[PDB]
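Counting neighbours? That spans all protein chains shown, and the Cβs are built from the backbone with ideal geometry, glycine included. Just so it is clear, none of the values below were taken in a lab; they were calculated from the coordinates.
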Amino acid sequence: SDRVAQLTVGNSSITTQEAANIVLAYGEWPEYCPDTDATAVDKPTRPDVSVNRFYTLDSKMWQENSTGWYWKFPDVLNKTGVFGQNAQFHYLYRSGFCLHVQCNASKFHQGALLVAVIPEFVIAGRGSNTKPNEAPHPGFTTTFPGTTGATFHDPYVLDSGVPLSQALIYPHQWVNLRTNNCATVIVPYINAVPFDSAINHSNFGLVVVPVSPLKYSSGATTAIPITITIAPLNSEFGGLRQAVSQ
Amino acid sequence: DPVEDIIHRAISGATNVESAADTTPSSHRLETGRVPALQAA
């Protein structure tokens, strides 16, 4: 009863047998911006079914030595779908996301992944240089990896210089191969401003880090893909202009 | 009374406004002879 579940948004639907409940981040639902909180005076557009729906990205193959991956959400969807086209033609953006991570495996496999939504996730430079002018900075494509995602060098600090053990202070869910085959989290829109640009700013990141490694026996299936599905939810756009993708 | 001709406002007013002005929702208009855009400087 609680294990089984089905979502639906737009024309897309997801069904799960073995799922464990659902995480609603910070106890609030996504909403449209209220009149009091609004600032920009133009009438925002609310596409609904054309934008809000599940989008599936390419799959990551999880291997015994895998170090984990991450994504930036008002990034991955900027070049894909109708959501991506509204984002390039509009200067202002607001929405929440419903997030779903999926990893199958047999009852003979063992391991655990930590799925976490970590707002304002800022990757850092890796090096001992204390001089600000010569200090390393983490690339463009490492900061906004796009649809393909990026992988951690040293997941223990989350590339942020911050302990992964405390990452449970963020909306998070475990996917444990013996318990559940998927993790689901709904994130309301959070930021210091009512709207914000989609192409410049990344509200929050996602982190799938293999805490307990992947282990199995000879003869079992070796290839274990990981797939993420994200639904932009309760979207808004404003500030229409010509397309700027970068 | 013996001679008649010896027998003989502003524009706006100030409103107290505590906060900046608000904005009210509007929609498209298509009709004639109503044109807020055209002004005479």
Unique match (being within 20 Å of residue A:175 (Cα to Cα) and touching a strand residue (DSSP E or B) at 6+ places or on another chain (Cβ under 6 Å)) among A:1, A:95, A:66: A:66
- request: Kindly establish whether residue A:129 is in a loop (DSSP other than H, G, I, E, B) and buried (at least 16 other Cβ atoms within 10 Å of the Cβ).
  value: no
task: Give just the number: which of (1) within 21 Å of the chain's Cα centre (by Cα); (2) closer than 30 Å to residue A:37 by Cβ does residue B:14 not satisfy?
output: (2)
field: Matching strands (runs of 3 or more DSSP E) fully within the range A:172-232 where at least 3 residues are closer than 24 Å to residue A:95 by Cβ
entry: A:182-187, A:204-215
Hits in the range A:19-38 - residues which are farther than 17 Å from residue A:235 by Cα and loosely packed, with under 15 Cβ neighbours inside 10 Å: A:21, A:26, A:27, A:36
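Going by the structure shown, is residue A:67 within 14 Å of another protein chain (Cβ to nearest Cβ) and in a loop (DSSP other than H, G, I, E, B)? Walk me through it before giving the result.
Values: within 14 Å of another protein chain (Cβ to nearest Cβ): no; in a loop (DSSP other than H, G, I, E, B): yes.
So residue A:67 fails the test.
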- prompt: Do we find that residue A:208 is within 28 Å of residue A:102 (Cβ to Cβ), surrounded by 14 or more Cβ atoms within 10 Å (Cβ to Cβ) and out of contact with any helix residue (DSSP H, G or I) (no Cβ under 7 Å at 6 or more places or on another chain) in this structure?
  reply: yes
message: Against the conditions (1) in contact with a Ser or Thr (Cβ under 8 Å, 6 or more places away or on another chain); (2) under 27 Å from residue A:13 (Cβ atoms); (3) in a loop (DSSP other than H, G, I, E, B); (4) not acidic (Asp, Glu), where does residue A:153 fall short? Just the number, please.
response: (2)
message: Under 8 Å between Cβ atoms, which residue pairs at least 6 apart in sequence (or on different chains) link something in the range A:179-206 that is of a type in the set (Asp, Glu) with a partner that is in a loop (DSSP other than H, G, I, E, B)?
response: A:196/A:203
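Filter the range A:34-60 down to the residues that are of a type in the set (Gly, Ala, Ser), away from chain B (no Cβ under 14 Å) and in a loop (DSSP other than H, G, I, E, B) and list them by number. Give the steps one after another, and end with the answer.
Of the range A:34-60, the ones of a type in the set (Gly, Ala, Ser) are A:38, A:40, A:50, A:59.
Next, only the ones that are away from chain B (no Cβ under 14 Å) stay: A:50, A:59.
Of everything in the range A:34-60, just one residue is of a type in the set (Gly, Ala, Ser), away from chain B (no Cβ under 14 Å) and in a loop (DSSP other than H, G, I, E, B), namely A:59.
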field: Hits in the range A:177-199 - residues which are surrounded by fewer than 17 Cβ atoms within 10 Å (Cβ to Cβ) and either closer than 22 Å to residue A:18 by Cα or of a type in the set (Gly, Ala, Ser) (or both)
entry: A:178, A:179, A:192, A:197
- prompt: Applying the selection to the range A:49-59, what residues are out of contact with any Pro (no Cβ under 7 Å at 6 or more places or on another chain), surrounded by 12 or more Cβ atoms within 10 Å (Cβ to Cβ) and not small (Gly, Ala, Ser)?
  reply: A:53, A:54, A:55, A:56, A:57
